[PDB]
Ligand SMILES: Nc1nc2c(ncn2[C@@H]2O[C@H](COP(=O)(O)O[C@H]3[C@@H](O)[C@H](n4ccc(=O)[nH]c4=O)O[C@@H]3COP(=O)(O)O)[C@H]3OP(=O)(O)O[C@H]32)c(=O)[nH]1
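Only one chain is given next, in C-alpha cells, and it is the form deposited without the named molecule.
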C-alpha cells in the first residue's frame, strides 16, 4: 500500500498528502480518500474539473500554487467538496475569479494572477470568508472592484489588495475587517470616508503610495514632482482599535499629529523610506504615541547630506512603551551622549538599530546610560580602532543571531573600519555577552588583553578577518566564553615553526562550540588540540590532507568531550588508519562529506561506541563492507549520497540510510535479508541508474513487504535502462 506519487503522512489526527514538485501533468487519482490536506504545488497541472478531486470528501485544504510552471478551471469544479476551508491558487494566470467556489471557504488566496475584475458572481456567495488575498493582479489601467462586493462578506477579518492599480480606497467594506493591506496600490489621496465603518480594524497598510525609490525588488515610480501621500486630518478618526500602521515609502515630508488623536493602542508604526529628517528633529506626532513599541524611521536621509550629529527631538521621551527603535540610513558622522538624551529614560527600549549610518565616531559610554538595552546594532558604520507574502520595507530578520542574543547584552560592530582591536575599543561599554566583529579587515595579534573591558562575553563572532591567535594567552580574558566563531579567517602573519598554534583552546573551562572553518590550516605546532569542555568543532575548509605527515596523527585526541566533528571540504583522499583511530571516542556525529575519499575503513568504527551519525556524502567511495553489524552497534544514520558505489553487498540501530545519487544498477535478493530485527525507517535511493528488467523485480517485492521503510522522492527513483522504461519510475513496472 505504498502511495505514489504522494508521500502521505499523519499530522494532528488527520492524514495529509505531500504531492508537490513531482512533475505531474494532471491531478493524480491515486490519492487516498482519507486525506484532509492535499498539496499539489509546483507541478504542470493544466486543467481542474469536477472529476479531479473525486471521492475526496474529507479534503479541508487544497494547495494548487504555481500550476503550470495557463490554468483552465471549469465552473463549479470545487463545489462538490463540502468540507473545503482553505484554497490556495497563487501564480496560475487566471483571467478572472473562479466561479462556483464552495461557500465553506474560510481562506482564499488568488495572488499573482490576471484577475482584473472583482465580481459578485465569484465573491459575494462566499459568506464564510475570513482571509482574502488578492495581491499582484492589475500590476488593465485600474482594478474593477464592484461596489459592495465585500459588504456581503460579514465574516472577513483580512483583506489584502496590495500591488494592484487601485487609485482609490474601495467603498463599502465589511465592519468585521481587522487587517487591511493596501501596499503599492497607487492611492495618492486618503479621505475621512475611506475608513468610515472600520472601528474594529487593527492593521492598516498604506505603504508604497507615492514612493521613495530605494532598492525596490518590484517596479517603483514616484508621484511626479516629489509629491507625498495626501492623508486627510480626520482620515484615521474612527480607527480607535488600530495597532499596526505601515506608511513606508510614502514620500512623507511632514507627519500630522492629529492622525493619532483617537489611536491610543498603536503598537507598531512604520515610517521608512520617507523624508522625515525635519520631523525627527521636531516631532509633534511623538507626543501622540504613548503605547507604541516599534518605531521605524529607517532610510529617511537627505540625499547628499552627511551631518555631524543625529537630531533627535525631546518628544522622543514621550514614547514610554517603546521597545525597539530602527534608525538605519539616517547618515551621520558622530554619535554623542547628548544626542540620545530623549531615549535614556525609556524603560522598555531594548533595541537600537543604527545600521548603515556611516558613523565615524561613537561615544560608547552612552550605552551604560540606557535602562534596559539588550540589542545594539551598529553594523555597516565607520568605527575605527580605539515573495509577495513578505515585509518588503522592514528588517524582519533578527539583527543579531538568536543564539548569540540568548547569552545577554548584544553588540554588533560588523562591517566597520576596525582594522585592529585598539586599547580603548571596549572601554565604557555595558556588560556585553554577545559581540560581532565580523568582516572588519582585523589583523589583531590576540595577546590576552584585548577584551578585558568586556570579560563576560560568551558568544564571540570574529568571522571574515585576518586574526592571529598563535599566542597561548589569546582570548583567555574571556573566562566564560562558550562559542567562538573564526569562520573564513585568513592568517596574515604566518610563522614557519609557529602558525597554526591552537594552545589557547585548552585554557577555556566552558568553551562548547568552536568554528575553525575555512581557515586554510595546513600546518600545526602542541600538535594536538586539548579541551575538557569542547563539544562541537568545525574544521571544514582546511587542509587535513596535508596534515595527515606522521606528526598530526593524534590532532583531535585531546578533545575528550567532543561529540560533533565536521571534517568536510578538507580534500581528503584517504584518512590514515592510525589518524582515524586517534579521533575522540565520545563522538556522536562525524561529518566527512564533500571530500575525495576513495576508500573508507569500516573496521575502524569499533573504537567509537557512541557514533550515531556518519556523513560521507560527496565522495568517491566504491566499496561497502559486508559485516558492518560487527563494527558498529549504535550507528543510526548513514549518509552516502553523491558517491561512486555501484554494488550493495549481501548482509538494528540503523534507522536512516542515504544511498541516493550513486552508481547502483540493481538491488539483489541476497542483500534484502531482513529476517533480523533491523529497525530501518528511511532509505533514500533517488538518482541511481537502475535496470528496469527482471533484476529489479526481487527488490520491488521487498518494498511491498516492508512498508515501514520510507523511500522518499518515488518520482525521482528512475531507471536509466531499458529504452522503453527510460524516464519512468521503478514503481510503474510490469
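Numbering follows the first chain given and starts at 1. Superpose the two forms; the largest set of C-alphas matching within 1.5 Å is the rigid core.
Form deposited with the named molecule bound: not shown, discussed below.
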Ligand-site obstruction classification: the named molecule, superposed in the deposited complex, backbone or C-beta within 2.4 Å: blocked
Candidate stretches 656-664, 288-296, 640-648, 614-622 - the one whose heavy atoms come within 4.5 Å of the named molecule in the deposited complex: 288-296
Heavy atom of each of 328, 353 and 396 within 4.5 Å of the named molecule in the deposited complex: yes
One residue of 127, 268, 429, 553 in contact with the named molecule, assessed in the deposited complex (non-hydrogen atom, 4.5 angstroms): 268
One residue of 139, 189, 275, 244 in contact with the named molecule, assessed in the deposited complex (non-hydrogen atom, 4.5 angstroms): 244
Interface membership of residue 573, the named molecule in the deposited complex, 4.5 Å heavy atom rule: no
Contact of residue 253 with the named molecule in the deposited complex (heavy atom, 4.5 Å): no
Partner contact for residue 323 in the deposited complex: the named molecule, 4.5 angstroms, heavy atom: yes
Rigid-core-referenced C-alpha movement of 2 Å or more between the shown form and the other one, selected from 409, 501, 591, 243: 501
Post core alignment: residue 360 C-alpha displaced by 2 Å or more between the shown form and the other one: no
Shift of residue 609 between the shown form and the other one at or above 2 Å (CA, core fit): no
Core-aligned C-alpha movement of residue 168 between the shown form and the other one, 2 Å or more: no
Direction of the Cα shift between residue 494 and residue 449 in the deposited complex, where the change is 3 Å or more: farther
Pair residue 215/residue 399, Cα separation in the deposited complex versus the displayed form, closer or farther by 3 angstroms or more: farther
